[PDB]
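Protein chains in written order, with the deposited numbering: chain Y, 338 to 355; chain Z, 2 to 181; chain H, 2 to 181; chain N, 6 to 26, 64 to 149, 175 to 204; chain M, 2 to 138, 146 to 423. Ideal placement from N, C-alpha and C gives every residue a C-beta, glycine not left out.
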Amino acid sequence: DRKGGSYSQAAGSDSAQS
Amino acid sequence: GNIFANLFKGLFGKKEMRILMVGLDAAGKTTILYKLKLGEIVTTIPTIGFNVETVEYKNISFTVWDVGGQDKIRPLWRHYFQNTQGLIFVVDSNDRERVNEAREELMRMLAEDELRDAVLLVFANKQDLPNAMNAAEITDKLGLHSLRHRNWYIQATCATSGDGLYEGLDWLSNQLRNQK
Amino acid sequence: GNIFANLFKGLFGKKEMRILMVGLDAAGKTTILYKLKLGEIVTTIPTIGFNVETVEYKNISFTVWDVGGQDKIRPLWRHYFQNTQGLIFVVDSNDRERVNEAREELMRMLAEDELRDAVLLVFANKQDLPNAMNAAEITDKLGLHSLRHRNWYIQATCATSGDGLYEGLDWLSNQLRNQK
Amino acid sequence: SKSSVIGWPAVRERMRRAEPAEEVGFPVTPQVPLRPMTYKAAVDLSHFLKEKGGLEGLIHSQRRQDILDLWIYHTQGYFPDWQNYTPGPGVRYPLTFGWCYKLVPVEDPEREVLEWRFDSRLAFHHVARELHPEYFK
Amino acid sequence: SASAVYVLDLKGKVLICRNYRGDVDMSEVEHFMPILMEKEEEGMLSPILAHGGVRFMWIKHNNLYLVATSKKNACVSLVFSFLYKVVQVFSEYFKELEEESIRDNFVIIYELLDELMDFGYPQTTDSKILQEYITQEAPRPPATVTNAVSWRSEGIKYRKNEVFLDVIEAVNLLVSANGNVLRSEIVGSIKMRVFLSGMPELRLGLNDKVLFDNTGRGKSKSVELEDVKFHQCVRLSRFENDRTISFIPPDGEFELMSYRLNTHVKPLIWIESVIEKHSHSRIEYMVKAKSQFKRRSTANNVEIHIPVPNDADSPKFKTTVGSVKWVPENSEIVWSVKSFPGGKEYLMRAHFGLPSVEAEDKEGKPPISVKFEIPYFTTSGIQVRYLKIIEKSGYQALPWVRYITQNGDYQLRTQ
Ligand SMILES: Nc1nc2c(ncn2[C@@H]2O[C@H](COP(=O)(O)OP(=O)(O)OP(=O)(O)O)[C@@H](O)[C@H]2O)c(=O)[nH]1
Ligand SMILES: Nc1nc2c(ncn2[C@@H]2O[C@H](COP(=O)(O)OP(=O)(O)OP(=O)(O)O)[C@@H](O)[C@H]2O)c(=O)[nH]1
Ligand SMILES: [Mg+2]
Ligand SMILES: [Mg+2]
C-alpha cells in the first residue's frame with residue numbers, strides 16, 4: 338500500500354472514440 | 002439468513018436514535034445540550050463551529066450535534082444535516098426581535114427536501130423569565146401547526162432550571178421509536 | 002500511575018489554601034493581616050505597593066497578599082488577583098463616607114469573570130467603636146446577600162482586640178476545604 | 006461473468022422501475075483500473091444485454107441510460123461514455139463503435180420517445196462515425 | 002541579461018561566483034548586503050536590487066542568496082528562469098542546498114556553472130544532460153542536447169517498463185472572516201515517473217471537457233481546467249490543433265500537465281472557530297471541524313492550525329477527536345488528526361490564561377489553515393482515459409497512476 342491513493346492501471350486510449 | 006444475533010441485541014436494547022442541535026445564537030442550544038449530556042448550566046464560549054456530543058437515555062444513544070446561530074454558522078447547518086436523523090430547535094422566547102429570525106431559520110431548515118424525515122423538535126428556550134412565551138404562543142408565532150408532513154412538538158424548557166428536558170426527550174423518543 | 006505519595010502527604014496534612022488582603026485604605030487590612038500572621042496590632046506605613054505574607058493555621062498555609070486602598074493602588078488589585086485562590090475584604094464600618102467607596106470597590110472586584118471561584122470574605126473592620134455596624138447592617142449596606150454564585154460571609158473583627166479573626170479563618174477554611 | 010449476470014437482473018429491474026420520462067465527492071476504488079469500453083467489450087455487453095433481455099425495446103431515458111452506465115462501470119470499470127446515442131432527430135446510432143445497442147423513435176428531439184434497439188450492423192458498420200466524421204476525429 | 006550570477010551566504014559571504022559578461026565588477030557583491038539590510042529595515046527590500054546603474058537581482062535560496070548582478074536592461078523573467086534552472090540543477094546534483102555542499106563540490110560546481118551559460122545566455126538546462134557530461138566523481149557533449157529531443161535520452165534500457173503517475177490535487181480555499189470563501193481554486197497536477205526502455209512517446213488522454221465536447225461526448229463528468237500547462241516534452245502543436253497530448257516521456261519523475269481552474273464546490277473540510285478571549289483573563293477556542301468531503305474518503309494527517317494568543321500560556325485543550333498540541337514556536341494550536349473520515353464532526357474547546365500586563369503592540373490575526381490530505385479522492389472528477397505509450401522496438405508497458413487529494417491554500421480568515 339501507499340499513502341495518498343493506491344496506484345491504478347491506466348489504459349492506452351479511449352476505446353469508445355474509435 | 003439468520004437474525005438471531007439481531008434479536009438478541011434488541012432484546013436488551015439496540016436502538017440508539019439521533020438528534021440535532023440547531024437554533025438562534027444565545028437561544029440555550031449549547032446549554033440545552035449540556036443539560037441533556039451532563040445536567041448542569043455551564044457557560045461556554047460562542048459556537049463558532051459546532052459541538053459534537055452523545056446522550057444515552059432509555060437505552061438509546063441520542064447524539065446531539067450543536068450548531069451555532071451565527072450568520073457565518075447559520076448556512077453551515079446543511080453540513081450537519083447529512084447523516085442526521087433528528088433535529089432539535091431551540092427558540093428564544095425572550096428575544097422578540099430574534100423570534101422572527103429564529104422562525105425564518107426554522108422555516109428554511111424545514112423547507113429542504115433533504116430534511117424531511119426529521120420530525121420538528123421545538124424547545125421553548127429561556128423559559129425562566131416572565132417575558133418568555135408559553136408552549137402555544139411560541140408555536141403559533143413560529144407556525145409549527147402549519148408544518149405539514151412534519152411531527153413538530155412545542156416544549157418549554159428553562160436552561161437554569163432544566164425542567165421539561167425529560168419530557169422533550171421522551172416525546173422525541175416516542176416520535177422516533179415506535180416499539181414497546 | 003500511583004498516588005501513594007500523595008495519600009501519605011495528605012494523611013498528615015498537605016492542603017495549604019490561599020487568601021487575599023483587599024479593602025479600603027485605613028480599613029484594618031494591614032492590621033488584620035498582621036494579627037493573622039503575628040497576632041499584634043502594629044502601626045505600619047501606608048501600603049503604597051503591596052504586602053506579601055503567609056499564615057499557617059489548621060495545617061493549611063493560607064497566604065495573604067495585602068493590597069492597599071489607595072487610588073493609585075486600587076486598580077493594581079487585578080495584578081494580585083492572578084494566581085490567587087482567596088480574597089478577604091476589610092470593611093470600614095466607622096467610615097460612613099468611605100463605606101460607599103468600599104462597597105463600590107468590592108462590587109467592582111466581584112464583577113470580574115477572572116475573580117469568580119474566590120468566595121466573598123467580608124470582615125467588619127473597626128469593630129471596636131459604637132459607630133461600627135453589626136455583622137448584618139454592614140452586609141446589607143454592601144449588598145453581600147445579592148452576590149449570587151459567591152460565598153460571602155460577614156464577620157466583625159476588631160483590630161485592637163483581635164476577636165473574630167479565628168472565626169473568620171475557620172469560616173474561610175470551611176468554605177475552601179471540604180474534607181474531614 | 007457471474008458478477009455481470011447477477012447485476013443484470015438488478016439493473017434491469019432498476020431501469021424498469023424508473024419512468025421513461064445527496065453524497066458529494068468522487069471516490070475511486072483502490073487498484074481498480076479505469077478505461078473506456080472497447081469495441082469488442084461493447085459488442086459483448088450488447089450481446090449479453092440482448093440475451094438476458096431488458097435492453098432491446100426498453101424506452102430510452104436519461105435516468106435509465108445513466109443507471110445502465112453506472113452498473114456497467116461498477117461491474118467492469120468501463121467509462122460510462124461509450125453508451126452514447128447519435129444526434130437526432132430520429133434513430134440515434136451508438137456513439138462508440140462496436141456497440142450493438144441504439145436508440146430509435148417509438149412514436175423537438177428531446178420530446179421524441181426513444182427506445183433501445185439491438186443493432187448487429189452497428190458493431191460492424193460505423194454509422195455514427197460516418198454520420199459525424201468530425202465527432203470521430 | 003545578468004552580468005554575473007553568484008551564490009551568496011547568510012552572512013553576506015559569496016559562496017561561489019561566476020562572471021558571464023565581465024561588464025560588472027565583482028566588488029559590487031559586497032555592497033549588495035548593505036543594500037539588502039537597508040531595504041529590510043525600511044520595508045523597501047526587493048528580490049531585484051539596484052546598485053547604481055547595475056541591478057543585482059537576488060533570489061532567497063535555502064541558505065544563500067543567488068544574486069545575479071546585471072548591468073543593462075536584461076530580461077528579468079529570463080534571469081529569474083535561469084536562476085530557477087540553476088537552483089533545480091543544484092538540487093538534483095546535491096541533495097542539500099546550504100554552505101556544506103557549496104564549498105564541497107566547487108570543482109564540479111564551477112564546471113557546471115561554466116557549461117550552463119556563456120556570455121549571459123544559458124545553453125544547458127537539462128539535469129540529466131548536465132549529469133551525463135559533467136560529474137563530480146570528461147567525454148564529449150551528448151547528442152541529446154544537439155538533437156531536437158532534449159527531454160528524452162535515447163538508448164535507455166530497463167528490465168521492465170513501469171511508469172508511476174501521480175494525480176496530485178491541491179484544494180485551496182480563501183474563506184474570509186465573514187464565513188464566505190473568496191478564493192476557491194483547485195490546481196491539478198499530472199506528474200508521471202516514467203521508467204521504461206527507450207524513448208516512448210506518451211499519448212496523454214483524459215476526460216477533458218474540451219476533448220469531450222470536440223468528440224461529441226460532452227455529456228459525462230469531464231474536468232474543465234481553466235489553465236492547462238504542458239511539460240517541456242509535450243508538443244504544443246498537437247494540443248493547439250486537436251488537444252492531442254503527444255510527447256516523449258522523460259527518464260524519471262516529471263510533470264506532464266498541470267491543470268488550474270476555479271472550484272465552485274463546497275470545501276472538503278468546514279472549520280468554524282470561536283474566540284472566547286477574555287480581557288486579559290482567559291481565552292476560549294471553540295473550534296469545530298466539519299468534514300464536507302465524501303464519507304468514503306478519509307483525510308489522513310488532518311492538522312487544522314488554530315492561531316492561539318502570542319502571550320497565551322497554560323492552555324487547556326478540551327476536544328473530542330484528534331490530538332491538540334500547542335507549539336510555542338508556531339504560536340498556535342494545531343488540531344492534528346491522524347485519520348479524518350468524511351462527514352466527521354470534531355469539536356474542540358481551548359482554554360488558557362493570559363498575562364496581567366497587556367501587550368505593547370498588536371500581533372495581528374493570521375488566518376487559520378488546515379493540512380487535510382485525503383488520498384484516492386478526485387474532487388474535480390477528471391478521470392484519465394488512456395496513456396498512449398508507443399515505442400519503435402515494441403513493448404508492453406504497465407503504467408500506473410494514483411490520485412492524491414490534499415489541502416493547498418485552504419486558509420480561513422480569523423474573526
Ligand atoms: N442564564 C440563563 N441563560 C439562558 C437561559 N435560557 C437560555 N439561556 C441562553 O443560553 C445561552 C448559553 O450559551 P451557549 O452555551 O453558548 O449556548 P447557546 O445559547 O446555543 O449559544 P451559542 O452556542 O453561541 O449558539 C446563554 O447565552 C443564554 O442566552 C436561562 O434560563 N438562564
Ligand atoms: N487603632 C485602631 N485602628 C484600627 C482598628 N480597626 C481598624 N483600624 C485601622 O487599621 C489601620 C492600620 O493601618 P495599616 O497597618 O496600614 O492597615 P490598613 O488599614 O489596611 O491601611 P493601609 O495598609 O494603608 O491600606 C489604622 O489606620 C486604622 O484606621 C482598631 O480597632 N483600632
Ligand atoms: Mg452552544
Ligand atoms: Mg496595610
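* Under 7 Å from the C-beta of residue 1 of chain M: neighbouring residues of chain Z -> Since the first residue of chain M shown is 2 and the last is 423, residue 1 of chain M is not available in this structure.
* Answer with buried or exposed for H/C159, where buried requires no fewer than 16 other C-beta atoms within 10 angstroms of its C-beta. => Walking along the third sequence from the start, residue 159 of chain H turns up at place 158. The residue is buried, with at least 16 neighbouring Cβ atoms inside 10 Å.
* Asked: Looking only at C-alpha atoms, which of Y/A353, Y/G349 and Y/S355 sits nearest to M/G213?
  -> Along the fifth sequence, read from residue 1 onward, the residue named residue 213 of chain M stands at position 205. Comparing Cα-Cα distances from M/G213 to each of Y/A353, Y/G349 and Y/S355, the minimum goes to Y/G349.
* Asked: Start and end of the beta strand (DSSP E) containing H/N175?
  -> Counting from one through the third sequence, the residue named residue 175 of chain H turns up at place 174. Segment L166 to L177 is the alpha helix (DSSP H) holding H/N175; no beta strand (DSSP E) there.
* To do: Select from the segment 346-357 of chain M all residues with a C-beta closer than 8 Å to any C-beta belonging to chain Y, and list them in chain order.
  => none
* **CB of N/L100 within 7 Å of CB of N/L91, strictly** => Locating residue 100 of chain N in the fourth sequence gives position 58, counting from the first residue. Locating residue 91 of chain N in the fourth sequence gives position 49, counting from the first residue. No, the Cβ-Cβ distance between N/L100 and N/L91 is not below 7 Å.
* To do: Can you give me, in chain order, the residues of the segment 68-99 of chain N that have a beta carbon less than 8 Å from any beta carbon in chain Y?
  => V70, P72, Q73, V74, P75, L76, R77, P78, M79, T80, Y81, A83 and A84
* Determine which residues share a DSSP beta bridge with M/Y267 and list them. => In the fifth sequence, the residue the question calls residue 267 of chain M occupies position 259. Answer is M/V236, bridged to M/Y267.
* To do: With hydrogens ignored, establish whether the beta-carbon of M/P315 is closer than 6 Å to any heavy atom of ligand 1.
  => As a position in the fifth sequence, residue 315 of chain M is number 307, starting the count at 1. Every heavy atom of ligand 1 is 6 Å or more from the Cβ of M/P315, so no.
* Asked: Going by the C-beta, is H/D93 closer than 6 Å to any heavy atom of ligand 4?
  -> Looking up residue 93 of chain H in the third sequence gives position 92. No, ligand 4 has no heavy atom inside 6 Å of this Cβ.
* H/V65 beta carbon less than 7 Å from that of H/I20 -> For the purposes of this step, residue 20 of chain H is taken as residue 19 along the third sequence, with counting starting at 1. For the purposes of this step, residue 65 of chain H is taken as residue 64 along the third sequence, with counting starting at 1. Yes, the Cβ-Cβ distance between H/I20 and H/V65 is below 7 Å.
* To do: Starting from the C-beta of N/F203, find all residues in its chain whose C-beta is less than 7 Å away, skip the five residues before and the five after it, and write them out in chain order.
  => Mapped onto the fourth sequence, residue 203 of chain N falls at position 136. So the qualifying residues of the chain are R196.
* **Any C-beta of chain Y under 7 Å from that of M/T386** => One-based indexing of the fifth sequence puts residue 386 of chain M at position 378. No, M/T386 does not count as interfacial toward chain Y.
* **For M/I398, three-class secondary structure by DSSP** => Here residue 398 of chain M corresponds to residue number 390 of the fifth sequence, with the count starting at 1. Of the three classes helix, strand and coil, the one that applies to M/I398 here is strand, per DSSP.
* Asked: What distance in whole Å lies between the Cβ atoms of M/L233 and M/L269, which are believed to be in contact at a cut-off of 8 Å?
  -> Along the fifth sequence, one-based indexing puts residue 269 of chain M at 261. Along the fifth sequence, one-based indexing puts residue 233 of chain M at 225. Between M/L233 and M/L269 the Cβ distance is about 5 Å, and since that is below 8 Å, they are a contact.
* Asked: What do you reckon, is the C-beta of residue 143 of chain M under 6 Å from a heavy atom of ligand 1?
  -> No coordinates are present for residue 143 of chain M, because the numbering of chain M runs from 138 directly to 146.
* **Pocket of ligand 2 defined by Cβ to heavy atom distance under 6 Å** => H/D26, H/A27, H/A28, H/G29, H/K30, H/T31, H/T32, H/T45, H/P47, H/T48, H/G69, H/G70, H/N126, H/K127, H/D129, H/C159, H/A160 and H/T161
* Z/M22 bridges to which residues according to DSSP? -> Along the second sequence, one-based indexing puts residue 22 of chain Z at 21. Its beta-bridge partners are Z/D67 and Z/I89.
* Asked: Using the C-alpha atoms, what's the distance from M/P150 back to M/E133?
  -> In the fifth sequence, residue 133 of chain M corresponds to position 132, counting from 1. In the fifth sequence, residue 150 of chain M corresponds to position 142, counting from 1. Roughly 7 Å separates the two Cα atoms.
* What is the DSSP secondary structure of H/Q156, counted as helix, strand or coil? -> Taking the third sequence and counting its residues from 1, one reaches residue 156 of chain H at position 155. Note: H/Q156 maps to strand in three-state DSSP.
* Asked: Are there 16 or more other CB atoms within 10 angstroms of the CB of Z/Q180, so buried, or fewer, so exposed?
  -> Reading the second sequence from its first residue, position 179 is the one you call residue 180 of chain Z. So Z/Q180 ends up on the exposed side.
* To do: State yes or no: is the beta carbon of N/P122 nearer than 7 Å to at least one beta carbon in chain M?
  => Here residue 122 of chain N refers to the residue found at position 80 of the fourth sequence. It does: the Cβ of N/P122 has a partner Cβ on chain M nearer than 7 Å.
* If we cut at 7 Å on Cβ distances, does Y/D351 have a partner in chain M? -> Start at 1 with the first residue of the first sequence, and residue 351 of chain Y comes out as number 14. Cβ-Cβ to chain M under 7 Å: yes for Y/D351.
* Does the beta carbon of N/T117 sit closer than 7 Å to a beta carbon anywhere in chain Y? -> By one-based count along the fourth sequence, residue 117 of chain N stands at place 75. No - not a single Cβ of chain Y is within 7 Å of the one on N/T117.
* Kindly list the residues whose CB is nearer than 6 Å to the CB of N/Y81, restricted to its own chain and excluding five residues on each side of it in sequence; keep chain order. => Here the question's residue 81 of chain N lines up with position 39 in the fourth sequence. Excluding sequence neighbours, N/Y81 sits near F139 and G140.
* To do: Using a Cβ-Cβ cut-off of less than 9 Å, give me the residues of the segment 169-188 of chain M that come near chain Y, in sequence order.
  => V171, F172, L173, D174, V175 and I176
* **Exposed unless 16 or more other CB atoms sit within 10 angstroms - verdict on M/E311** => Here residue 311 of chain M is taken as the residue at index 303 of the fifth sequence, counted from 1. That one is buried.
* To do: Have a look at M/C76 and M/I49 and give me their C-alpha separation to the nearest angstrom.
  => Position 75 of the fifth sequence holds residue 76 of chain M. Position 48 of the fifth sequence holds residue 49 of chain M. Whole-angstrom Cα-Cα distance: 12 Å.
* Residue-level contact to chain M via CB, N/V66, 7 Å cutoff -> For this step, residue 66 of chain N is matched to residue 24 along the fourth sequence. With 7 Å as the cut-off, N/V66 counts as an interface residue toward chain M.
* **Rounded distance between the beta-carbons of Z/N95 and Z/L143, thought under 8 Å** => Looking up residue 143 of chain Z in the second sequence gives position 142. Looking up residue 95 of chain Z in the second sequence gives position 94. Not confirmed; about 15 Å, so no contact.
* Asked: Along chain Y, which residues have their Cβ under 9 Å away from the Cβ of N/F191?
  -> The residue labelled residue 191 of chain N in the question sits at position 124 within the fourth sequence. Correct list: empty, because the minimum Cβ distance to chain Y is about 13 Å.
* What residue does the beta strand (DSSP E) around M/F385 start on, and which one ends it? -> Translated into the one-based positions of the fifth sequence, residue 385 of chain M becomes position 377. Careful: M/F385 lies outside any beta strand (DSSP E) and carries neither H nor E.
* Under 7 Å Cβ-Cβ, which residues of chain M neighbour H/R79? -> Reading the third sequence from its first residue, position 78 is the one you call residue 79 of chain H. Within 7 Å Cβ-Cβ: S364.
* To do: Please go through the same chain and pick out, in chain order, the residues whose beta-carbon is closer than 6 Å to the beta-carbon of M/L173, but skip the five residues on each side of it.
  => Along the fifth sequence, one-based indexing puts residue 173 of chain M at 165. Once the five neighbours on either side are set aside, the close Cβ partners of M/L173 are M200 and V409.
* If you follow the alpha helix (DSSP H) that Z/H80 is part of, which residue opens it and which one closes it? -> Mapped onto the second sequence, residue 80 of chain Z falls at position 79. Run containing Z/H80: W78 to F82, per the alpha helix (DSSP H) assignment.
* **Residue range of the unbroken alpha helix (DSSP H) whose run includes H/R149** => The count along the third sequence starts at 1 and reaches residue 149 of chain H at position 148. Element bounds for H/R149: n/a, residue is neither H nor E.
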